[PDB]
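Residue numbers (this note's numbering), protein chains in the order written: chain A, 27 to 60; chain B, 745 to 913; chain C, 255 to 840; chain D, 76 to 155; chain E, 12 to 183; chain F, 2 to 91; chain G, 1047 to 1076; chain H, 19 to 193.
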Amino acid sequence: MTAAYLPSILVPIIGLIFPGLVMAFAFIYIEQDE
Amino acid sequence: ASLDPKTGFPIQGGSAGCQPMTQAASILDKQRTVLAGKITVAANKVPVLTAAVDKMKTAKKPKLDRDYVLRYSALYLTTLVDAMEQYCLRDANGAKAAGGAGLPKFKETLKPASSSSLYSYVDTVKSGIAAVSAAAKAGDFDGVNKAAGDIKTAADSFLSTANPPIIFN
Amino acid sequence: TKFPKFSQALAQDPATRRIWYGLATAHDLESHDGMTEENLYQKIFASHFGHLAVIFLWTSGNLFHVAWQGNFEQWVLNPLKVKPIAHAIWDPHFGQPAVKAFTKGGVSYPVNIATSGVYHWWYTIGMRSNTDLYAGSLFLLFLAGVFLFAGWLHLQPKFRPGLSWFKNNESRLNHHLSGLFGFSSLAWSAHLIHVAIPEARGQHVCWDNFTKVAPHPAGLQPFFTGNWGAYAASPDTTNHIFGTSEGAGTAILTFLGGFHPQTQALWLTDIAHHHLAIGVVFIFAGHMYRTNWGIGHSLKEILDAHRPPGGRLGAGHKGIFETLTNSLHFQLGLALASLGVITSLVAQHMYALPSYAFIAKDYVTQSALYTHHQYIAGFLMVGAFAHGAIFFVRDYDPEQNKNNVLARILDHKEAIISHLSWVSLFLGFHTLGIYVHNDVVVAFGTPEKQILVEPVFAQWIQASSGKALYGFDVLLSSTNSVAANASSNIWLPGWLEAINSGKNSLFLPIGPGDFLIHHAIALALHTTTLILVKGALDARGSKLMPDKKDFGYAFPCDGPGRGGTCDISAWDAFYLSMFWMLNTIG
Amino acid sequence: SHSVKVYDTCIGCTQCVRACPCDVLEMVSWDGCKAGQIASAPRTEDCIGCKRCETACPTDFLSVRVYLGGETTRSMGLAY
Amino acid sequence: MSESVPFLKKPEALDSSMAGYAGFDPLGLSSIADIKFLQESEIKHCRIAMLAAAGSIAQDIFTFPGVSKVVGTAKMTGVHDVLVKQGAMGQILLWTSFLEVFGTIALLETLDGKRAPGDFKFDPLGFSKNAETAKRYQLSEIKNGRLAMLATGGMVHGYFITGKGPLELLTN
Amino acid sequence: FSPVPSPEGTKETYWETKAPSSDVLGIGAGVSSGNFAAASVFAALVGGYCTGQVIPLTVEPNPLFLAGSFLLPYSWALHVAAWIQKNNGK
Amino acid sequence: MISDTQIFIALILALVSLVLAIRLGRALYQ
Amino acid sequence: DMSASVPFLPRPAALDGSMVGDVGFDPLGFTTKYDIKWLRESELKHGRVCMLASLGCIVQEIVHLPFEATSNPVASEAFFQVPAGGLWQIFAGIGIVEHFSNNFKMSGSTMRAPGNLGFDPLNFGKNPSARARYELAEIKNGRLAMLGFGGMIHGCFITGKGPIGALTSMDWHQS
Ligand code: CLA
Ligand code: CLA
Ligand code: CLA
Ligand code: CLA
Ligand SMILES: CC1=C(C#C/C(C)=C/C=C/C(C)=C/C=C/C=C(C)/C=C/C=C(C)/C=C/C2=C(C)CCCC2(C)C)C(C)(C)C[C@H](O)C1
Ligand SMILES: CC1=CCCC(C)(C)[C@H]1/C=C/C(C)=C/C=C/C(C)=C/C=C/C=C(C)/C=C/C=C(C)/C=C/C1=C(C)CCCC1(C)C
Ligand SMILES: CC1=CCCC(C)(C)[C@H]1/C=C/C(C)=C/C=C/C(C)=C/C=C/C=C(C)/C=C/C=C(C)/C=C/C1=C(C)CCCC1(C)C
Ligand SMILES: CC1=CCCC(C)(C)[C@H]1/C=C/C(C)=C/C=C/C(C)=C/C=C/C=C(C)/C=C/C=C(C)/C=C/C1=C(C)CCCC1(C)C
Ligand code: SF4
Ligand code: SF4
Ligand code: SF4
């Protein structure tokens, strides 16, 4: 496969960092009052 | 400095500066590296056919797959000839084949792909396509193998005499 | 305290219900606080462009992952033996036995084998290499960007469409029939004739040569002389090996019928001639409505004048124009009912008449595609009835709809619902009873006693289309018939070969088991309709709750009084019919 | 909060007020019915939405009508 | 009652003021299509046919330098078959279509009633200044155009059946 | 809920009479009932003839007979218009 | 086969599509 | 009332003769749908680019830089023959000029009288009335140039010789 490094680089980022970050931000936005 | 065996893209950078603003390469030279890369991909897929035909011959009961040999010919061998014809066209007529005469059209009024120094290799590959198909109809395993080898030698010879500029861009 | 910014009632809820309800009501723009009609139609327009882009990003993703990680070039060489690769697997939870077990497809990495059929579709329409699958992925990424920018652009103050634009029914219908349906079907004929037909015959045609490579040797001279039959001359031979020049014809438009003998799919020249025919038809149909030049029909005039003089429909369709246009839920329901029937047609006609080369030998792909599109069909059909219920609750005005078809449907709501109850019960009692009769008798060692009823009506229909298995000798099955003689010179020889041969799913043999299951499907379609129709018709009120309209579409109940009112809302009949949809598509 | 309405078909039977667990309803003077009284809802902020008032209503269609609306800590029945 | 057709009724949409009025509309087609649209369509047919009738006659009389080399013997419709292969038919089509694009705009103005049917205000030489000569000449243009419509079909069908061409059919 | 637009020239076509007003015929509102009835029979005969002469369809069908075969469904709408015009006294 | 440069072009165009998606989502959200 | 250029067609409302080169020639009603100033600035930009291009093609046949890849008579062929990096340098440089011009404002923001970037270093236009005559002259020359340049770029496509060669050598005695 060409760019075989990209699945190792992206799948943990998209599958762990992306949800963690967007869940954290979504939590902050839903809880915040102003 | 060369073209990738599989993807066919420029491989290494290695005042003719490669960087876009300072590039000295013409659009004709960039079209020529595109065509040369496509020639490289098609020629380097000839070993795959040779391996498949060897697998067919060494089976317990051996039959040539006319469908595989003809579909490989349709997918790569016809593509190899068209890419070589276009490179010959650009080598002979010059800038006119790069769009200088306009959109590709019938009665393009430009010098033909023949009368090019590199055209003889294109004739060799056309003979190779005919042999690949004739052997597939005949059922001759050895015929397909040698014919693909003839195509491989001709395409490598074409690239060597062409000396295509590799435009990393 | 500010997450549902569109709902102050939820944004002041101190519970976890606020998060759930803000997430679940987010796309119901009509219910948002301070919502005007201008802003409603303009947000729906922009979010329709976002759906357009998501579809294009999804398709670009399938093309990119097949161009990058698939075995498309290996598969196109040998399409009956190679298994198509969807995308690769990078899973850090895999063991080394799992990594080895998924390393099929002729590659060196674990992979998922594609059941979507995209390899057969991309093969049939011209794609040969990874470079053109990738080029398609790039073009769809560009189109996704174009439609995301269009969605943003049509939210800008100068570019905000007015309500007069959004309700121009005649211009939208003229353009969607003649441009979106008709011209794009005509353009799809051009793609087949210019690209897919030559590349099915070995000759590569791309953007690099398609203006200097004629689809026909004569070439646009027979078309501009009326010699159109010269485009059917010398069709593809029965010896044709798809993708190659051997056995290839020169025709670009045929009506051969049946199937290409090798790929076991419809002829691509039949498909190109189909989209040319259906294109011209739809383009003609898109000149029906009056827009700016005084010719055409007013939709208001057509609807008002279609009241039968016998008075059996009451006021007929007077006031239906306004109701449809003003009600986005009535439009969604018509659109979804229409779309649900089509994706059922898609599922039924793509297994019996496959268009893609070497599919219908990909049994997993055929099973997945049929199952996928029938489940999409059941969802769309249930949603159509759901939004008809939402239409009645939210958008239906009885005074504006006096004695219409809609008012008179509500007037006899109990006749409709009780007769759906009857036919559901009728079918259910008997179909289950015959099945149980068969089970009990077979169990008791007496299979002969089984009530096996031949599907004669459907068999007569098969025979009428030329199946000779049942010996009906009706229409096409009879050699000396007016119907048979008429189509003999055009599509009948191929069709008769296709239908009579047992190698295809065209008009598959039907027997007593087929009859019983069809009746089971009739009970399921009638029962899902009963629940959905009962929900839609009783949406606005019932004897149990007369003022149900005042409570909305989705409310829990009216409490334990009056005997108990659980699942009394129209939403709850959506809910109950969703199980019946799942059961019927099952 | 919930919205609780009393319609002029109320016969002034006082049953919905007795049913009310949250003192939402009370009786006011009204000449419309023979009893001289109609139910009123000046405390719909305490309304939990139990709809016990609707059950106690002997009119063919409940004169008292609870329409469940925005939820609060009080209308959710939360002791926390 | 009608002037041209005494048994039938006077056509309701047709009036004496209009050029080439003989009260002739037996099928009543003026009710079916807008009379201004019909009037402009007739004038467009009249002028194209007038040019076409004289065209056929003039081409039999003589050809322009070199056309005889391009088309060996074909005349009338046959020369058109040769000229689509060359560029003459396409080039005339491109320019006539370009004028017709402005004609489409003019037709819209006529349907509005802003512009008279068929009036493109083309007077390089003013021969309609008198305004009664204009009435006569418009009647003449309509009459010669209707005659030319008939004539153009007549001579083209003579080509279809005999291949001679209009003047040659009389001479042979 | 907002004014629903209709094309200019949209007029009222709801009817409860024996026949709709002739305005439902659009551009054919002024045609006599005899003219529709004769056009209807003419269209039925020429459409049926043109349909019949090309029932065994060939790869070379006559285009005039195909186009003339469209007169058969057109004749249906013509006799409906003939009925409407006779019941409007036209 | 697809080059790493070709994948990078696809990633550039998808980033442009992501930015346009953010801009549409912010516009729809108001 | 009625357009001077097309007598049958009515005069376009958003014309009125105020701008230079106003013969009432807007039959397709672009002025109604699109802003007059944007159309005018685009017309001037098209004509100015075309005037340089019309001069460019003719000059490139008559004289060229003494280097290989710049020795092509035909304009269209010259584009592909010349260093592509130089072409991309020209494109970006023109983009810098386009950002510098219009105060970095495009579409609605720019509308500065249309078609003027304030580029008048020399006092060629001594009088304002003479400048108005020059503005008419510029637009008419630009219109001629648009038709001309398209005509010779298409001449390059068919003749493959370049503009002056295309006029001098035609197939006068050849089919
Ligand atoms: C969808 C994407 C995804 C990916 C890529 C991974 C990746 C991984 N998982 Mg899995 N996991 C996932 C989803 C995912 N998880 C989900 C959804 C669940 C719940 C069902 C689990 C449940 C699960 C279990 C129960 C276990 C794993 C384990 C592992 C590790 C593989 C074993 C290994 O080599 O150990 C080597 C692993 C390491 C050396 C750990 C590296 C720690 C990382 C690099 C630090 C990252 C910092 C952190 C993300 C900061 C984020 C903050 C937040 C804002 C995002 C690997 C890190 C195993 C594990 O934890 O490994 C010890 C393990 O026991 N996973
Ligand atoms: C020719 C002009 C034209 C065209 C092409 C379109 C096109 C479109 N408009 Mg329309 N529109 C027009 C003029 C036009 N418009 C005019 C003049 C107005 C104003 C009066 C509008 C007002 C308007 C509104 C108000 C809306 C649209 C919307 C849409 C989009 C529909 C969504 C979609 O993807 O459907 C695509 C549909 C098809 C491709 C055809 C469906 C095919 C049927 C269902 C079955 C065929 C199956 C076939 C085998 C396909 C196989 C695929 C392959 C996998 C096998 C679509 C892009 C909507 C939208 O999404 O906004 C962006 C919307 O809300 N338009
Ligand atoms: C003999 C009495 C009787 C009669 C004449 C009817 C008449 C009708 N019923 Mg039935 N029904 C009855 C009893 C009866 N019902 C009972 C007892 C029940 C409870 C199980 C139902 C439940 C029922 C449903 C759920 C439905 C009907 C429907 C219908 C209508 C369609 C006819 C049909 O298919 O029947 C169908 C009959 C049944 C499904 C149940 C049959 C019940 C048994 C066999 C009859 C009871 C015999 C009774 C004890 C006789 C005692 C008299 C004796 C002392 C002399 C019709 C109005 C359908 C409708 O509305 O469609 C328009 C419908 O959906 N009915
Ligand atoms: C195997 C599972 C099953 C079965 C048989 C049924 C059966 C039925 N459902 Mg139900 N349903 C189910 C699961 C099931 N449902 C589930 C999981 C859901 C999701 C919540 C629903 C939701 C649902 C709704 C919302 C609706 C139905 C309706 C129906 C009826 C549709 C068929 C019909 O009209 O007549 C078929 C009749 C039968 C199959 C009854 C069988 C006949 C019996 C067994 C005779 C046996 C007599 C025997 C002597 C009894 C011995 C008892 C012993 C103690 C002496 C029927 C009563 C609809 C309805 O009532 O329409 C009228 C309706 O509105 N169902
Ligand atoms: C096809 C084709 C081409 C062509 C072409 C062309 C030019 C085709 C043109 C065809 C035309 C104009 C036919 C005209 C028919 C007129 C008729 C029948 C009127 C008759 C009069 C009647 C009925 C009654 C009259 C009447 C008389 C007698 C007395 C009573 C009253 C009155 C009403 C006055 C090309 C060039 C493209 C070449 C291509 O390769 C093939
Ligand atoms: C549901 C949703 C919500 C709201 C409504 C909505 C908008 C309509 C809808 C749409 C959602 C949509 C349409 C969502 C679309 C989401 C998309 C298209 C996400 C794409 C992400 C791509 C990335 C992160 C690639 C980055 C590449 C990089 C950094 C490479 C860089 C580089 C490399 C190495 C090489 C070149 C040089 C450099 C630059 C250095
Ligand atoms: C609930 C609700 C409330 C109000 C609003 C609302 C949204 C509108 C509504 C929803 C309503 C909904 C959801 C309605 C759903 C409606 C549906 C799904 C209707 C299906 C119609 C199919 C037909 C008429 C097929 C006809 C085939 C024929 C004639 C074939 C003929 C044949 C041919 C040509 C070929 C073969 C031979 C034969 C057999 C002769
Ligand atoms: C309206 C009007 C008024 C009065 C009467 C009138 C005169 C008769 C009438 C005019 C009517 C008419 C008919 C007016 C006709 C106007 C027409 C048809 C103009 C054609 C324009 C084409 C151009 C400018 C192409 C430019 C190509 C470029 C820049 C680049 C090309 C290339 C690309 C792609 C990449 C770079 C290199 C190459 C290969 C060179
Ligand atoms: S049980 Fe039925 S009625 Fe009592 S609350 Fe739950 S749903 Fe409403
Ligand atoms: S219960 Fe119903 S009727 Fe009795 S008082 Fe309360 S509301 Fe009035
Ligand atoms: S709902 Fe429960 S609380 Fe609210 S009023 Fe009726 S009874 Fe009192």
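Virtual Cβ for every residue (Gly too), placed ideally from N, Cα, C.
{"query": "State buried or exposed for residue 604 of chain C, treating a residue as buried only when at least 16 other CB atoms are found within 10 Å of its CB.", "result": "buried"}
{"query": "Just verifying my parser: in three-state terms, what is the DSSP assignment at residue 458 of chain C?", "result": "coil"}
{"query": "Given this structure, state the Cα-to-Cα distance separating residue 67 of chain F from residue 543 of chain C, to the nearest angstrom.", "result": "25 Å"}
{"query": "Is there a Cβ of chain E sitting closer than 8 Å to that of residue 32 of chain F, yes or no?", "result": "yes"}
{"query": "In terms of residue numbering, what span does the alpha helix (DSSP H) encompassing residue 788 of chain B cover?", "result": "771-788"}
{"query": "From what residue to what residue does the beta strand (DSSP E) around residue 361 of chain C run?", "result": "From DSSP, residue 361 of chain C is part of no beta strand (DSSP E); its letter is neither H nor E."}
{"query": "Considering only the alpha carbon of each residue, which of C:330, C:321, C:682 and C:738 lies closest to residue 721 of chain C?", "result": "C:738"}
{"query": "Can you tell me which of the three DSSP states residue 910 of chain B falls into?", "result": "coil"}
{"query": "Find the residues of chain C that neighbour residue 60 of chain F, judging by a C-beta separation of less than 7 Å, and give them in chain order.", "result": "483 and 486"}
{"query": "Anything in chain F within Cβ reach of residue 653 of chain C, meaning under 9 Å, just list it in chain order.", "result": "By Cβ distance, chain F contributes nothing, its closest Cβ being about 14 Å from residue 653 of chain C, past 9 Å."}
{"query": "Please state whether DSSP places residue 832 of chain C in a helix, a strand or coil.", "result": "helix"}
{"query": "Tell me the start and end of each unbroken alpha helix (DSSP H) in the stretch 162-193 of chain H that is at least 4 residues and wholly inside, in chain order.", "result": "181-186"}
{"query": "If you reduce the DSSP assignment to three classes, tell me which class residue 549 of chain C lands in.", "result": "coil"}
{"query": "Quick one: Cα of residue 602 of chain C to Cα of residue 280 of chain C, how far?", "result": "35 Å"}
{"query": "Establish whether the CB of residue 122 of chain E and some CB of chain C are separated by less than 8 Å.", "result": "yes"}
{"query": "Does the beta-carbon of residue 675 of chain C, which I'm using as the reference point, lie nearer than 7 Å to any heavy atom of ligand 4?", "result": "yes"}
{"query": "Can you name the residues that DSSP bridges to residue 658 of chain C?", "result": "C:570"}
{"query": "Cβ closer than 7 Å: which chain B residues qualify as neighbours of residue 87 of chain H?", "result": "770"}
{"query": "Cβ of residue 37 of chain A within 7 Å of any heavy atom in ligand 1?", "result": "yes"}
{"query": "What residues in the stretch 16-49 of chain F have a beta carbon less than 8 Å from any beta carbon of chain E?", "result": "28, 29, 30, 31, 32, 33 and 36"}
{"query": "Near residue 408 of chain C, what residues of its chain come up, given a Cβ to Cβ distance below 8 Å and the 5 sequence neighbours on each side ignored?", "result": "296, 299, 300, 303, 414 and 415"}
{"query": "Residues in the stretch 656-672 of chain C with C-beta within 8 Å of chain D's C-beta atoms, listed in sequence order?", "result": "none"}
{"query": "Report back the beta-carbon spacing between residue 122 of chain E and residue 548 of chain C to the nearest angstrom; my notes put them in contact at under 8 Å.", "result": "6 Å"}
{"query": "If residue 800 of chain B and residue 806 of chain B are in contact, beta carbons under 8 Å, what's the gap, nearest whole angstrom?", "result": "6 Å"}
{"query": "Does the beta-carbon distance from residue 34 of chain F to residue 554 of chain C come in below 8 Å?", "result": "no"}
{"query": "Would you list the residues whose beta-carbon is nearer than 6 Å to any heavy atom of ligand 8, in the order they occur in the chain?", "result": "B:843, E:109, H:94, H:97, H:165, H:167, H:168 and H:171"}
{"query": "Distance, Cα to Cα, residue 629 of chain C vs residue 635 of chain C?", "result": "10 Å"}
{"query": "If we call anything under 8 Å between Cβ atoms a contact, is residue 124 of chain D one with residue 150 of chain D?", "result": "yes"}
{"query": "Hey, residue 772 of chain B and residue 839 of chain B: beta-carbon distance below 8 Å or not?", "result": "yes"}
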